[PDB]
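**Q** Protein chains in written order, with our numbering: chain A, 3 to 197; chain B, 3 to 197; chain C, 3 to 197; chain D, 3 to 197.
Yeah, the Cβ is synthetic: ideal placement off N, Cα and C, and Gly gets one too.
Mind having a look at this structure? Questions to follow.
Protein chains: 4
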Amino acid sequence: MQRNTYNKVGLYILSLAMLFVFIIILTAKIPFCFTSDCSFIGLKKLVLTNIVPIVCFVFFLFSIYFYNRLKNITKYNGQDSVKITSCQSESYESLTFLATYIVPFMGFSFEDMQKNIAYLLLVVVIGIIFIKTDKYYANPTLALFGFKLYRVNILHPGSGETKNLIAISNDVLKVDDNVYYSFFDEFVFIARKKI
Amino acid sequence: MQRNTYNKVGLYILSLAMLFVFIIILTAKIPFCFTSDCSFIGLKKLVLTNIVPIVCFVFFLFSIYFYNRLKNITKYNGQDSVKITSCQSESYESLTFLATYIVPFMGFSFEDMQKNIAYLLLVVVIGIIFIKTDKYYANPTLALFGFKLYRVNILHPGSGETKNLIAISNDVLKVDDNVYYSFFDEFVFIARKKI
Amino acid sequence: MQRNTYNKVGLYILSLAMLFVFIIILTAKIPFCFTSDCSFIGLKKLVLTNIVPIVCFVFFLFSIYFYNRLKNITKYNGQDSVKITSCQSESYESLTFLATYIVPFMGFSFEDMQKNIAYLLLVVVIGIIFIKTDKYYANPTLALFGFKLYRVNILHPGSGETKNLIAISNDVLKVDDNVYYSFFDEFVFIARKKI
Amino acid sequence: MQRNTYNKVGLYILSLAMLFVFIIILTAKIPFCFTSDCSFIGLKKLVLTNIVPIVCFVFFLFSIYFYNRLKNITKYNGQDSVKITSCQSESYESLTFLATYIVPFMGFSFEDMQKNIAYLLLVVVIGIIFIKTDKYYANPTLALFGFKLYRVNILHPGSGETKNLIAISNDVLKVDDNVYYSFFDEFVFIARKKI
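Here it is in structure tokens:
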């Protein structure tokens, strides 16, 4: 706990960034006007009527920070290559996330605050079950930024072959290719596809 | 029937505890008055206003009781050990269950009573099909409390090997591991790692 | 076409009986009056305000008739036995059908008639895709009445090893049991579990 | 990029035709009154009160145009045959594209324009993830028009065999059921079943 659990939580908060921008687009009660007699009402009621865009904004900066901490593991190391023996695509495991765990929150109505406490508890419970599930690599935000999630079986030049790894890659991979690595956990590594 | 059916119903009522706490949080309609104008309006119309959180409260105590009756399985004789040959982490169930059978109830509006009778009938029909569907081990309330559901293939020192069992383990298991069992049913056993 | 398509349409109309029951429970605005002031409005207004419960009632009688036409095939030719060589329980397809194709109908609001035309078009389009989708045996109404859907490979005494058949059974089956067949199509047969 | 991406975007716009038909049926505020005092309000406010049927109409003609291009990819070539070694039906991967990605759109209320901007962003995001998701052959509009999507492993008479191809076809296929190809990408080809 407290290192692998925090890494998986930082992967999960990245997976909810599309939900936070969806709620910000959905239920922001901004007074969009261009007339002369529609002057500023003040920061007090503008903050008070826009509570859930403010909270989803703070969570969106948290998702941006965790994306930065994900790129910080491909910053440092990774001048070593392996060979893929069996690559099966698992990008659809990202998209079913967007099919199931995000669009019901589009379906709800964020008017009363008690229902918002219920939806926040649903997000927290989905996170706690999602941490310990060995499917935490599913991401709408990562798969939206060109990355593809593959199930590979790498083979090291000197150690041997390790089975059932998950490769987040920037380009397409196939059987008998040459990729780099930067291991997030003992399950997920970022590939780079040496040409 | 009966006893095995009652054990599976007791596993199913445990699977719905998060739904009952979501309905209690969602539609409570309790007077939360910080103002001095709102006094106690009376117990009778407070009970008559809150009908679905009272019923979901009673079902929540039923889920707590069935969790206690699940823990009574591992209270008694569990002092044997086996060896694990396959350890396929089928813990993604209790997350498709959560967002396919518990999340759609959160979007309904629990206002008119015929609609509540329809939702109760949906819960009953989902339960009747879920008893005999070979996937009754999926449990959001169990997977909240650290438990991981594994598809396992055990081997006994004296009898032999038995195929396709389900282990509700407390900690992570792998191939060639020693666990202590307590058999809930002929398909699902509570396992604890021996270390 | 025709006859095989009509049999698959009958199985699909059988698969939608719980939806018609749910709509009849949901949106029937019957005037349940115990008071002495609520007299009869008339049969005309009771019919005109309950149009879609009447339509779902007619479809429920069609589902009952197609259940009768399914049960007609266990009567006439069932004096032969076969042996199951590989049984895998596929009773979860019915529950995924119930949770995915019937539950989202329950959350719609059946008030404006244009929306009702849209939902009827969704039912028709789901049926047209569901006839030819190779998974037409999924059924909430059949799995409610004790039937379990299995994937078996029968062994004939003198004909061969026709594999990949779908067995609707009244009781549990495993490897090496004898079952009485009554073929519906070239894919789905009703077993009987010869003791 | 470009051309392959444009072909996959065309297949995705073909995949969404039933959604545009459903929205046009759902939220068209057309004054369907046969009364004598139901005069024309005017073209301008008829256009302004029906903005999202107009947008979904334009997208429906785009889906019709991309269906025309998919027929143009089979107009020209397609005078060579292969042999099929392993045929597995995958038409259900079409239908799960419906009930998870097109069904929950009709539960939304298309009244306020901010919510419509959110739903359009959801369509765009589902499209961006669905291009690279390796399951882009899923189709409600194609599977409506008799086409079945199979997973085949063709064998050429002179070149050899190729594994894991996806065949869109008009009639039922099996092993040793020679077909004519009209290859769209390196993954999806249109079969014709040379008798």
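If contacts are defined as beta-carbon pairs under 8 Å, then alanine 19 of chain C and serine 65 of chain C qualify, I think. What distance do you get, rounded to the angstrom?
**A** Indeed, because the Cβ distance is near 4 Å, the residues count as touching under 8 Å.
**Q** According to DSSP, simplified to helix, strand and coil, what is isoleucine 43 of chain B?
**A** The answer is coil: DSSP assigns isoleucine 43 of chain B none of H, G, I, E or B.
**Q** Any contact of the segment 139 to 156 of chain B with the segment 52 to 62 of chain B, i.e. 3+ C-beta pairs under 8 Å?
**A** Result no; under three Cβ-Cβ pairs closer than 8 Å.
**Q** What in chain C is Cβ-close to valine 127 of chain B, meaning under 8 Å?
**A** The answer, in chain order, is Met20, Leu100, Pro142 and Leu146.
**Q** Do you know offhand how far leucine 124 of chain C's Cα is from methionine 3 of chain A's?
**A** Answer to the nearest angstrom: the Cα atoms are 47 Å apart.
**Q** Should the segment 146 to 160 of chain C be regarded as contacting the segment 79 to 99 of chain C, the criterion being three or more beta carbon pairs within less than 8 Å?
**A** Taking 8 Å as the limit for Cβ pairs, the verdict is that the segment 79 to 99 of chain C does touch the segment 146 to 160 of chain C.
**Q** What residues match up with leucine 151 of chain B in a beta bridge as DSSP calls it?
**A** According to DSSP, which records beta bridges pairwise, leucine 151 of chain B is partnered with B/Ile170.
**Q** Taking a contact to mean a Cβ-Cβ separation below 8 Å, would you say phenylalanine 110 of chain B touches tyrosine 121 of chain B in this structure?
**A** Contact flag set, yes.
**Q** Does the segment 39 to 55 of chain B come close enough to the segment 19 to 33 of chain C that 3 or more CB-CB pairs lie under 8 Å?
**A** Judged by Cβ distances under 8 Å, the segment 19 to 33 of chain C makes no contact with the segment 39 to 55 of chain B, as fewer than three pairs qualify.
**Q** Cβ of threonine 164 of chain B less than 8 Å from any chain C Cβ?
**A** No, its Cβ sits nowhere closer than 8 Å to a Cβ of chain C.
**Q** Against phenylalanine 110 of chain A, what residues of chain B qualify as contacts under a CB-to-CB distance less than 8 Å, listed in chain order?
**A** Within 8 Å Cβ-Cβ: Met108 and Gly109.
**Q** Starting from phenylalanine 185 of chain B, follow its DSSP beta bridges and name the residues at the other end.
**A** The partner list for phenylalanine 185 of chain B (beta bridge, DSSP) reads B/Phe191.
**Q** Do you know how far the Cα of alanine 169 of chain B is from the Cα of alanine 193 of chain B?
**A** So the two alpha carbons sit approximately 6 Å from each other.
**Q** Please list the partners that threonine 7 of chain A has in chain B, where partner means a Cβ-to-Cβ separation under 9 Å.
**A** Here the premise fails: no neighbours, minimum Cβ distance about 12 Å.
**Q** Roughly how many angstroms lie between the CA atoms of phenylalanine 191 of chain C and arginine 5 of chain C, to the nearest whole one?
**A** One C-alpha to the other measures close to 17 Å.
**Q** DSSP beta-bridge partners for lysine 85 of chain B?
**A** Partner(s): B/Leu157 and B/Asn180.
**Q** Short of 7 Å in beta carbon distance, which residues of its chain neighbour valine 126 of chain C, apart from the five on each side in sequence? Order them along the chain.
**A** If we look at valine 126 of chain C and ignore the five residues flanking it on each side, it has no Cβ neighbours.
**Q** On the three-state DSSP scale, how would you describe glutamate 163 of chain A?
**A** Three-state result, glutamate 163 of chain A: strand.
**Q** I'd like to confirm the pairing. Which residues does DSSP put opposite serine 91 of chain A in its beta bridges?
**A** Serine 91 of chain A pairs with A/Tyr152.
**Q** What's the gap between the Cα of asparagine 180 of chain D and the Cα of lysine 195 of chain D?
**A** Spanning the two alpha carbons is a distance of roughly 6 Å.
**Q** Would you call the segment 65 to 77 of chain A and the segment 8 to 16 of chain A in contact, with 3 or more CB pairs under 8 Å?
**A** Segments in contact, yes.
**Q** Per DSSP, what kind of secondary structure is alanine 30 of chain A in: helix, strand or coil?
**A** In this structure, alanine 30 of chain A counts as coil in the three-state DSSP scheme.
**Q** Taking its Cβ as the centre, do 16 or more other Cβ atoms sit within 10 Å of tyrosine 103 of chain A, making it buried, or is it exposed?
**A** Per the 10 Å Cβ criterion, buried.
**Q** What is the rounded straight-line gap between the Cα of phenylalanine 22 of chain B and the Cα of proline 106 of chain B?
**A** Roughly 13 Å separates the two Cα atoms.
**Q** Measuring straight from C-alpha to C-alpha, what distance separates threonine 164 of chain C and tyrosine 152 of chain C?
**A** So the two alpha carbons sit approximately 15 Å from each other.
**Q** Cutting at 8 Å between CB atoms, please list the residues of its own chain near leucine 100 of chain A, excluding the five before and the five after it.
**A** Taken in chain order, the residues that qualify are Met20 and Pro142.
**Q** In angstroms with no decimal places, state the Cα-to-Cα distance between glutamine 81 of chain B and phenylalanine 185 of chain B.
**A** If you take the alpha carbons of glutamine 81 of chain B and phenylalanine 185 of chain B, they lie about 11 Å apart.
**Q** What do you get for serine 96 of chain D, buried or exposed, if any count of 16 or more other CB atoms within 10 angstroms of its CB means buried?
**A** With 16 or more other Cβ atoms within 10 Å, it is buried.
**Q** Tell me whether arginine 71 of chain B, by its Cβ, gets closer than 7 Å to a heavy atom of the ligand NAP.
**A** This structure simply doesn't include the ligand NAP, nor any ligand for that matter.
**Q** Taking C-beta pairs closer than 8 Å, name the residues in chain C that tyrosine 94 of chain D reaches, listed in chain order.
**A** Those within 8 Å of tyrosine 94 of chain D in chain C are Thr135, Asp136 and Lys137.
**Q** Just the C-alpha distance for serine 41 of chain D and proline 55 of chain D, rounded to the nearest angstrom, thanks.
**A** When rounded, the distance between both Cα atoms is 21 Å.
**Q** Are the C-beta atoms of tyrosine 183 of chain D and some chain A residue less than 8 Å apart?
**A** No, because no Cβ of chain A sits closer than 8 Å to the Cβ of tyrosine 183 of chain D.
**Q** According to DSSP, is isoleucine 197 of chain A helix, strand or coil?
**A** It is coil, neither helix nor strand.
**Q** What three-state label does DSSP hand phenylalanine 112 of chain D in the structure shown?
**A** Looking at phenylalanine 112 of chain D - three-state DSSP - the assignment turns out to be coil, as it is neither helix nor strand.
**Q** At which residues does the alpha helix (DSSP H) containing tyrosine 69 of chain B begin and terminate?
**A** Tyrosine 69 of chain B -> alpha helix (DSSP H) spans 54 to 77.
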